[PDB]
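Everything on this sheet refers to the single structure shown next.
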Amino acid sequence: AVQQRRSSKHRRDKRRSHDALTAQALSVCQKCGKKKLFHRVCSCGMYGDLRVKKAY
Amino acid sequence: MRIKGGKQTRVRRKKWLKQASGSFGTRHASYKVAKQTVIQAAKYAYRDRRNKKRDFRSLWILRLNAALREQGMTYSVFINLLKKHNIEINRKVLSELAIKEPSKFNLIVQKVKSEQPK
Amino acid sequence: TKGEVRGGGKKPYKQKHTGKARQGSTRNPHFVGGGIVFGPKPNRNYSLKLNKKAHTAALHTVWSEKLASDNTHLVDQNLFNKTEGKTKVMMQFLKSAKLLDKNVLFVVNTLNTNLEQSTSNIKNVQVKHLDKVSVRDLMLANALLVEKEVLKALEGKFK
Amino acid sequence: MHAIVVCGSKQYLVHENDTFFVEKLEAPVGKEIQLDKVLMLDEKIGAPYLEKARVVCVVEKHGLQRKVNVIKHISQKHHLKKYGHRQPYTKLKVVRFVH
Amino acid sequence: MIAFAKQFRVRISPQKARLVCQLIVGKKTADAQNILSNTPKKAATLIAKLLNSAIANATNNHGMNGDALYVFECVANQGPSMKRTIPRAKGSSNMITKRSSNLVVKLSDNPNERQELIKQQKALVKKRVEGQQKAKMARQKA
Amino acid sequence: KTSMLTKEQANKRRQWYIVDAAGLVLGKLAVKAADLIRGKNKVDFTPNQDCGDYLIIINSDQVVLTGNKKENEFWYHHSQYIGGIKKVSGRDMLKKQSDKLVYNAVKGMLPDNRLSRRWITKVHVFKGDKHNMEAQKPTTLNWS
RNA sequence: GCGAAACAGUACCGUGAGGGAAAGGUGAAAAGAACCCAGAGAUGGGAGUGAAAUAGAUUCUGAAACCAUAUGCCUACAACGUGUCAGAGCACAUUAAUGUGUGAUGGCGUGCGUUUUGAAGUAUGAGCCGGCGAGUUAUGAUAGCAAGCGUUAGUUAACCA
RNA sequence: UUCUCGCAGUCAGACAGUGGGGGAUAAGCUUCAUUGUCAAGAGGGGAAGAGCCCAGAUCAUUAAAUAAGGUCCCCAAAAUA
RNA sequence: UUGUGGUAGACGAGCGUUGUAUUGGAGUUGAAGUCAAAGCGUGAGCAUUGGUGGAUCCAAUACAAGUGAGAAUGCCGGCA
Ligand SMILES: [Mg+2]
Ligand SMILES: [Mg+2]
Ligand SMILES: [Mg+2]
Ligand SMILES: [Mg+2]
Ligand SMILES: [Mg+2]
Ligand SMILES: [Mg+2]
Ligand SMILES: [Mg+2]
Ligand SMILES: [Mg+2]
Ligand SMILES: [Mg+2]
Ligand SMILES: [Mg+2]
Ligand SMILES: [Mg+2]
Ligand SMILES: [Mg+2]
Ligand SMILES: [Mg+2]
Ligand SMILES: [Mg+2]
Ligand SMILES: [Mg+2]
Ligand SMILES: [Mg+2]
Ligand SMILES: [Mg+2]
Ligand SMILES: [Mg+2]
Ligand SMILES: [Mg+2]
Ligand SMILES: [Mg+2]
Ligand SMILES: [Mg+2]
Ligand SMILES: [Mg+2]
Ligand SMILES: [Mg+2]
Ligand SMILES: [Mg+2]
Ligand SMILES: [Mg+2]
Ligand SMILES: [Mg+2]
Ligand SMILES: [Mg+2]
Ligand SMILES: [Mg+2]
Ligand SMILES: [Mg+2]
Ligand SMILES: [Mg+2]
Ligand SMILES: [Mg+2]
Ligand SMILES: [Mg+2]
Ligand SMILES: [Mg+2]
Ligand SMILES: [Mg+2]
Ligand SMILES: [Mg+2]
Ligand SMILES: [Mg+2]
Ligand SMILES: [Mg+2]
Ligand SMILES: [Mg+2]
Ligand SMILES: [Mg+2]
Ligand SMILES: [Zn+2]
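This is the structure:
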């Protein structure tokens, strides 16, 4: 099955209206300050008060 | 002598495109659809000039008829009374009187009501 | 045209069952390869015929209006060789005669060489024999200097 | 104060210092024209037309209306005719109502 | 006062880049960098490089303060495409169109910049009309 | 050219009215209700500004249908399913829901339009003498 | 315009005979952007040369279709060949003109070519844009119109200068 | 609308009324004669309709009188007996 | 005064493109091209101003045509 009529440039954008993106939640590390996405280990491997991995 | 087309096609096409300004999407972008819309819009305008002449007459008849029913007299007889009294006034101007100068409109109805025909 | 243009005399696509339209050659007029349907040809005539007496009548009237008019002075043999072959003297002559902007045409019967040596670097003026002037050269002149013996031959030619 | 005049074929209700547009009258700008056909004036309305009731008007301009393009087209019949129309008018303002 | 940076023939498609570009319009400098550094998209590590270069040449070349810059307009125009032949089945063939985007990011310090753009547009339209009037005075003069 | 006529710019002289349908015929009441709702009887009628007054109907169950229409004439409503065509006789409508019958009758006398929605909205029909619409201080007119 | 303005009968297709493309323009002069900043780099932003760098090697001019951004207007109870005639409100000010941009709302309204007795067509042709694309030439005949020459008229063909 | 000369297009028609043939006094059937329309003709009536009725669109006007048809509402316009 | 619906078709009058021949004129103080605007015509069409552009172009009278694109499941290029 294929469109017997071409879809205009307006119906196309109406369908894409739901394709917008969402900003992932970010937080501040409590020892170095850079922004990191929430509930995840920072770049230094320091999550909460526990040293997880060696610094980058 | 190889005559080459240029500035001739585009100018006569852009004239049609300019006329079809304010249309929905491709109906103003593409020359072909624009040309069809201008021709169709011209047909509508032509037919609706005639229809405007009739529809505005109807509105004057409607407003005057309504204005009359408040005084107890009807449209079918008001025009008949106008002819016997020889008074010649448009329904347009008569309706304009009844909306802007109610008192003077009542003067016209009072004379046509009872005064001797001619 | 379509036949002279180098190309394949075969059918590009099959006649049927292909989504493309029917085509018969790659050098058709509506193709980019280019076969001009009619086109200009190098066999055209461009020539026209006018009767002999009609040409005499046309020449007769053109002489009538140009002669007996302004800038239709008469010239003789002395100054046709007094030019000395130098175009500076003739430029002075045109300046003195106030014929600088005019397209003066010398009508000459004896083909003087000193006069022909000059007036050749001047794109404006020109000199012709009686058997060489035509209607167009006569009425493009706007001014002409005619020799006396040229005028006598003119009456003879008209008859 | 108000009058019902007949200029051309239309009837206009006019007040003092009112400018209305009528069909071309062939009169230069600035003259003082006298509209003749008057139906109603003040309160005395004449049956055919009022007698001696005159409307004094001054002609302001002799411009033309907006261009109208009449494109007659017979669908699928090889007929596309085009025409343009610019109807001339004249604008005039009421100065005085002759008794 | 617009500072800007450009990048020609970016491999990302304009369709997939405008989606990320709408996440950065109107944002402050520091907040703009933070959002783009933690978004799992391919067209995030290229606008970030362009954004950083634009900040650099705004506070170094044009001499801007640096704590008032906001992303004025970040868009991905359509760049030149590349045509390839993908071999299909039964002897047929299709055309793959490798799409490219021309990325440009622009940041300003004044929060009223749309007004100045309209002012130059108004000046150009205005500049056109007096010439018409000047031509009319000359025409009446003759 | 000529002088244009005066037209109201969405001017609202709309007022509230009360009518009593004690023994009025369905059609005779509906025709005047539509004329009153549309404002056609008004002196100045601009047919794009809904210059028509509100109207309230009292005693809907008390209306009458002449002849044998109470048992021989049927009102029809079909849902979008199959077999969802519900039929009610005149007598059943006059008892169970009389307000809906007058509502449908008044709506049917209006032009198919985007303004007819607001026009049918301005009809407040009640089945009893009581009504919660006494806060508008609606004037009383007879046979309308 | 020769298929071929460039290294074209080349690239490429076919076992082979054979078939057979596209692609030109910086600036007067490379003076072709040293140097600084961001970047891994290409590159970009400044600086510099230049009359011009929005002439920067992507290199004369840069159209439309197409894709994005934005000032202003409208749009989430609404049956729509999408326009037309009326018509509020909103926002501006012009080839000064009963001005321009949008259009709450009312009335009316089933495309363009083709071929048919008859097409909104459940017949047909076109996805859109731009370029190209179809009554000619040679030699004769007839008729209309006009000119030259005329009542032992009128007119030359080849060829020669 | 006759005569002479130049240039054509047309040779698939349709429906309505009237008189018939074929068909079954069936066909929006088929074949004729005649009056009209459409073809190549918009507007108004018929709710919507090529052919039925009223008629023939040069353009503009928000002027007036009418034809067929109609006057509770949609939708312009009525009352008496 | 009589008129002016119209397909096939007949007849008449004009517009526009390029070039040539004669006249005149404009142009680095900015030509053609090209975009925009609230202009002029009965129609093909024609101007004015401003931006971009960097070297040719315009008016009149004649002449000669590869002279007018919306459709051919048209060709080529680009883009949906
Ligand atoms: Mg869009
Ligand atoms: Mg989606
Ligand atoms: Mg063309
Ligand atoms: Mg060729
Ligand atoms: Mg294979
Ligand atoms: Mg090989
Ligand atoms: Mg640069
Ligand atoms: Mg490019
Ligand atoms: Mg370029
Ligand atoms: Mg709403
Ligand atoms: Mg609802
Ligand atoms: Mg409906
Ligand atoms: Mg509607
Ligand atoms: Mg509408
Ligand atoms: Mg419709
Ligand atoms: Mg055609
Ligand atoms: Mg057929
Ligand atoms: Mg359909
Ligand atoms: Mg089929
Ligand atoms: Mg077919
Ligand atoms: Mg198709
Ligand atoms: Mg095309
Ligand atoms: Mg002849
Ligand atoms: Mg027959
Ligand atoms: Mg037959
Ligand atoms: Mg019959
Ligand atoms: Mg029969
Ligand atoms: Mg029979
Ligand atoms: Mg039949
Ligand atoms: Mg036919
Ligand atoms: Mg008809
Ligand atoms: Mg009808
Ligand atoms: Mg006529
Ligand atoms: Mg009658
Ligand atoms: Mg009515
Ligand atoms: Mg005619
Ligand atoms: Mg020319
Ligand atoms: Mg220019
Ligand atoms: Mg051609
Ligand atoms: Zn950390």
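Chains as they are written, first to last, in the authors' numbering: chain y, 2 to 57; chain p, 1 to 118; chain c, 54 to 212; chain q, 1 to 99; chain r, 1 to 142; chain i, 3 to 146.
Cβ coordinates follow ideal geometry from the N, Cα and C atoms, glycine included.
Asked                                                                                                                          : Found
Buried or exposed by the 16-neighbour rule on C-beta atoms within 10 Å, applied to p:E96                                       : buried
Contact set between the stretch 39 to 54 of chain p and chain q, restricted to residues whose Cβ is under 7 Å from the partner : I39, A42, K43, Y46
Classification of q:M1 by the beta-carbon crowding that lies within 10 angstroms, buried from 16 upward                        : exposed
Identified DSSP bridge partners for q:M40                                                                                      : q:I4, q:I45
Rounded distance between the beta-carbons of r:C74 and r:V105, thought under 8 Å                                               : 4 Å
Nearest residue (CA-CA) to i:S146, options i:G41, i:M6, i:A12, i:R15                                                           : i:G41
Listed by chain order, chain p residues near i:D46 by CB distance under 8 Å                                                    : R63, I99
Three CB pairs or more closer than 8 Å across the stretch 153 to 161 of chain c and the stretch 173 to 180 of chain c          : yes
Reference r:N102; option with closest CA among r:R128, r:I47, r:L69                                                            : r:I47
Contacting residues, own chain, Cβ-Cβ under 8 Å from p:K104 (five flanking each side not counted)                              : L97
Bridge-paired residues (DSSP) for r:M82                                                                                        : r:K98
Near ligand 4: c:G87 beta-carbon under 7 Å from a heavy atom                                                                   : yes
c:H182 versus p:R2 - alpha carbon distance                                                                                     : 39 Å
Segment contact, 8 Å Cβ cut-off, at least three pairs: the stretch 112 to 119 of chain r with the stretch 16 to 27 of chain r  : no
For c:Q130 and c:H113, the rounded distance between their alpha carbons                                                        : 25 Å
Interface residues of chain p facing q:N69 [CB-CB closer than 7 Å]                                                             : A42
Supposed close pair i:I39, i:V125 - CB separation, criterion 8 Å                                                               : 6 Å
Residue burial classification, r:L107 (beta-carbon count within 10 angstroms, cutoff 16)                                       : buried
Neighbouring residues, chain y, relative to r:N38 (Cβ below 8 Å)                                                               : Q25, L27, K36, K37, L38
Every unbroken alpha helix (DSSP H) inside the stretch 49 to 120 of chain i [4 residues or more]                               : 71 to 74, 92 to 97, 100 to 110
Contact with chain q by p:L68, beta-carbon distance below 8 Å                                                                  : no
Min CB distance q:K10 to chain i below 8 Å                                                                                     : yes
Within-8 Å CB hit, q:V59 to chain i                                                                                            : no
Separation of p:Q36 from q:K77, as counted between CA atoms                                                                    : 15 Å
Bounding residues of the alpha helix (DSSP H) (the contiguous stretch that carries y:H40)                                      : Segment: none, y:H40 is in no alpha helix (DSSP H) and carries neither H nor E.
Cβ of p:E88 within 8 Å of any chain i Cβ                                                                                       : no
Alpha-carbon to alpha-carbon, i:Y78 and p:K92                                                                                  : 44 Å
Distance between q:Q65 and q:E23 (C-alpha atoms, nearest Å)                                                                    : 11 Å
Three-way DSSP call (helix, strand, coil) for r:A76 in this model                                                              : strand
p:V38: first and last residue of the uninterrupted alpha helix (DSSP H) it sits in                                             : 31 to 69
Sub-8 Å separation of r:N57 and r:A5 beta-carbons                                                                              : yes
DSSP-derived helix/strand/coil call for i:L38                                                                                  : helix
Beta-carbon neighbours of p:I108, restricted to chain q and to distances below 9 Å                                             : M40, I45
Own chain partners of y:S9 with C-beta closer than 6 Å, once the 5 adjacent residues on each side are dropped                  : none
For r:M137, the three-state DSSP class (helix, strand or coil)                                                                 : helix
Reduced DSSP secondary structure (H/G/I, E/B, other) of c:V186                                                                 : coil
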